[PDB]
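Let me begin by presenting the structure, written as structure tokens, before commenting on it.
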Amino acid sequence: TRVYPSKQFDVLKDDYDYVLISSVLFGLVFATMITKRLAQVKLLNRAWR
Amino acid sequence: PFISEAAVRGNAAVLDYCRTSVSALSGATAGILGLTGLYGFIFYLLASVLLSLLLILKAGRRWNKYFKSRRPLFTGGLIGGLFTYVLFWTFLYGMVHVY
Amino acid sequence: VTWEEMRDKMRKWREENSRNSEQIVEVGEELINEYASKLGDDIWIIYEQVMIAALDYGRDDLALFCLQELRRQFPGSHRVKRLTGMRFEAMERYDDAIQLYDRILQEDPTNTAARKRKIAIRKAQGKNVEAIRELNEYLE
Amino acid sequence: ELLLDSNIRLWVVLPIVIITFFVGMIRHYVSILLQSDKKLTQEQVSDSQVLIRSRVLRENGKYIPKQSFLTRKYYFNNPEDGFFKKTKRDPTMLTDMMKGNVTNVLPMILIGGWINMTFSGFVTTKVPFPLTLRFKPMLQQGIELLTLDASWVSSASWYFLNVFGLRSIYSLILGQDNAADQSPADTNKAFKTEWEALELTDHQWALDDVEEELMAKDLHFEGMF
Amino acid sequence: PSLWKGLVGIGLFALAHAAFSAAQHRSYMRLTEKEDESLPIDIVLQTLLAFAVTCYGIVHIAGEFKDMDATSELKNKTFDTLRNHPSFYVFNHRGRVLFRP
Ligand SMILES: CCCCCCCC/C=C\CCCCCCCC(=O)OC[C@H](COP(=O)(O)OCC[N+](C)(C)C)OC(=O)CCCCCCC/C=C\CCCCCCCC
């Protein structure tokens, strides 16, 4: 067998949430794009009023 | 004579942009070379003065109308450069030498 | 001669308030006819100058086009409201313009464009004394 | 050294940097979206512009002759003229301003806590300088090692270093004086202090010696073409 | 000129290549475990040269300085421009009558 006296500190955990990290990355890049469009639109509207 | 706020702000902005870019690049280079400890920090200072020399070349002659004095060329935003330098240094030394 | 070059020329001609209405209206018409989609919202400020030049140039045909585009894009906008006011003043229609400016003022009191346009109307009518009095009151 | 797992780079090193960068962008864009100019009535903007004119006069009245300047003084601070004398007058706004001030740092600390939970138990990167041993309890959260070199850092403090070292990049790409970082109300007192200050101010017509300083050197004329 | 921009690109590319080389060399050690503890002269020279050229390009890319004296850009502003007052435009001039209505 193998023993981990320090709880395997230098290895990625087997229960890593890939479907959460990738989801937050690719649902937050899209959020950045959407909020950039919103900021541009609001800035233009405020300029024109 | 008559300083204009927009022009001095633009000069400060371009100097800050150059300093930030050079500090980030110096962090990347120090991480590439694997410098560790004090020997790394000194390199940053060296990089800084190199940039200063380049800025001295960029301002060149007749710089008196560009800045009140050469001082912001040398020590302009040094700590802001150092923070990004250490960040990029850790980044590159991590993804090059650690693994 | 690329659309970026005339765009920069128009930007310069806007930064310093020039009144060569013929040249600016020609360049603006070329930009909004040939390279309208070549760049984004940066033509929209152009759509201001282009109509003003038109009112200066007398070529009212594209003034309605620019005004309709701006209004359909920006409903209930004080800037477009002042722009409509200038369109009305182009044909000396003064009562409706005054009413529109009063409506703008009652909708927003801190607006400065309406007061300037109304005193421009007053000085166009020749009432110089009342225009001077209105400017003195406005500066207060 | 340490033979760190390669998969720690593709999922604990790069994602932290990406998260920090785009969270900073998100924070700046949310900050500009939230900012709305408070409605101002005629009196407040009028008095603010009046004191603006007074301050610019105090700054550069040297280019104006003496009689015009002391007439300005009579108008501003003198009983007889009347100006500066007959010119005076959980809440939602406090909660809103407190929340706006809070939202500049607290989201970063909450992201740090979430990262510390999510990525607990790793060794992400080696800080290339020998940090002190007394800094161990906060750099190496979630590690049970004892003799490990202090230069090895867990995920939370690596994210903190990333968020500290990325503000200059934000100023580089986002624009000058961006809002993504980590860091008059009363006119009567303003009226009185302007009164006293412009009382204390003097006059020095800068045109008293312009001709003599102009006569000394010939006028620049090249480049007329 | 615009080529400066292109220059900086290749500089970054050069730096990127250095990274790859360094990574490979690290693998070298991770398979040799000898008392070398030294980077190849080629990779460090390449990294330093790439740094120098990239910084020199970046200095140009930063832009052009602007003069502090306020009478610099205002020198060419003739009086025919400052008088226009765009907010106070009047359209009761000979332009409309002379030109096509
Ligand atoms: C190996 C490590 C090196 C790290 C790389 C960082 C240094 C590399 C930098 C610059 C080289 C690109 C040169 C292209 C010319 C861009 C500037 C320019 O003269 O052209 C103008 C346009 C638009 O001007 P602007 O308003 O957008 O500029 C901001 C204006 N100002 C500076 C006053 C605030 O520029 C544009 O096309 C829009 C794009 C502006 C530049 C985008 C580059 C920034 C993107 C990523 C930086 C780092 C993010 C990821 C790193 C994470 C690692 C921790």
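Labels for the structure tokens follow display order: chains A, B, ..., residues from 1 in each chain, ligands from 1.
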* To do: Write out as a PyMOL selection string the residues lying within 12 Å of range 90-99 of chain E, counting only C-alpha atoms and excluding same-chain residues fewer than 2 positions away.
  => (chain C and resi 19-22+52-60+85-94+116-126) or (chain E and resi 84-88+101)
* Could you find all residues in range 77-198 of chain D that DSSP calls alpha helix (DSSP H) from the backbone, and write them as a ChimeraX atom specification? => /D:92-102,106-118,136-139,155-164,167-173,188-198
* **Cut-off 6 Å, only C-alpha atoms and all ligand atoms, neighbours of ligand 1 as a VMD selection string** => (chain B and resid 13 17 21 24 to 25 28 88) or (chain D and resid 169 171 to 173 175 to 176) or (chain E and resid 61)
Report as CSV the residues of chain B within 6 Å of chain E, each with its shortest atom pair and distance in Å (one decimal), using only C-alpha atoms, ordered by chain and increasing residue number.
```
residue,atom,partner,partner_atom,distance
B:2,CA,E:69,CA,5.1
B:3,CA,E:68,CA,4.8
B:4,CA,E:70,CA,4.9
B:7,CA,E:66,CA,5.3
B:8,CA,E:68,CA,5.8
B:11,CA,E:65,CA,5.6
B:14,CA,E:62,CA,5.8
B:18,CA,E:62,CA,5.8
B:65,CA,E:67,CA,5.4
B:66,CA,E:67,CA,4.9
B:96,CA,E:23,CA,5.3
```
* Asked: For chain D against chain A, which residues fall within 7 Å using only C-alpha atoms, given as a count of residues only?
  -> 16
* Surrounding residues of residue 87 in chain B excluding itself and chain neighbours under 6 positions, 8 Å, only C-alpha atoms, as JSON, numbers by chain -> {"B": [24, 27], "D": [161, 162, 165, 166]}
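Selecting strand (DSSP E or B) from the backbone DSSP output for range 33-202 of chain D yields residues 125, 126, 152 and 153 of chain D.
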